[PDB]
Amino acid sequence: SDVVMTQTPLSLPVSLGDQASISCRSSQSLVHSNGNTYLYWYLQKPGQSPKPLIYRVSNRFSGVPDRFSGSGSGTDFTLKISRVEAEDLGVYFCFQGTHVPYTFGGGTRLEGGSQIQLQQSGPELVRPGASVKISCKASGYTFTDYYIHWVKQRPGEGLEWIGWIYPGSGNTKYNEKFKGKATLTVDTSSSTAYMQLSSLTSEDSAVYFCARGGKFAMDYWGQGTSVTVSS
């Protein structure tokens, strides 16, 4: 009964100047009881963290040019990129934050806030059964004004939302998939968020991102921390 986000097409080869349109469909209505529709779009360029494009269906994040337009309602959503150029190449992901657990679309391959820094700890290489505690040092903004989200990304397997913590209060919310094996904490005095991953298996090998956000979605992302679990 988790919400499934389906994107089409999977791959969209295009030439410069053309129009590009990407579809996202949810298995459930994304209208929240509060009246908002927590549908978001992100772009991930081959070598870095996702970047926020659209919030709440139709709003562009700061620095995102008005040639990006999101539309839709209920269960059907569209991202249109009108005058496509070099820097638009990458994987587009839709994301829903209406229903816990928050879920991502599988991505579409097409072929802002740089004061905010989220500095994550280095790569881990461990044996099965180990635990790791990865950190995320926030700067360039007030740590306790925002949520911190954590996200898992396996190679060619897309994105999974792990949970959030609200640094101001320590309050947490987890994806059932991860609750019990990922523990979120903060140190507000050092503006640092932590995620402890426990009883590691080979399936837990992935890149883990910390990201700033609101209660329903990420905005800016850290650079990721690779965890490799190997015998």
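Note that residue numbering follows the sequence shown and begins at 1.
- According to the entry, the deposited sequence has no residues without coordinates between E157 and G158, so the chain runs continuously there.
- Mean C-alpha B-factor is higher over 63 to 71 than over the other stretch, the pair under comparison being 63 to 71 and 163 to 171.
- Between the stretches 131 to 139 and 96 to 104, it is 131 to 139 that shows the larger average CA temperature factor.
- Highest C-alpha temperature factor among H32, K181, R56, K45 per the entry: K45.
- The entry lists C-alpha B-factors for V207, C210, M218, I22, and the highest of these is at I22.
- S26 sits in the middle third of its chain by CA B factor, as recorded in the PDB entry.
- Per the deposited record, the Cα B-factor of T225 falls in the lowest third when ranked against the other modelled residues of its chain.
- When the CA B factors of the chain's modelled residues are split into thirds, the value for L125 lands in the middle one.
- In this PDB entry, the Cα temperature factor of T37 sits in the bottom third of its chain's modelled residues, the lowest group.
- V151: CA B factor in the lowest third of modelled residues in this chain (values from the PDB entry).
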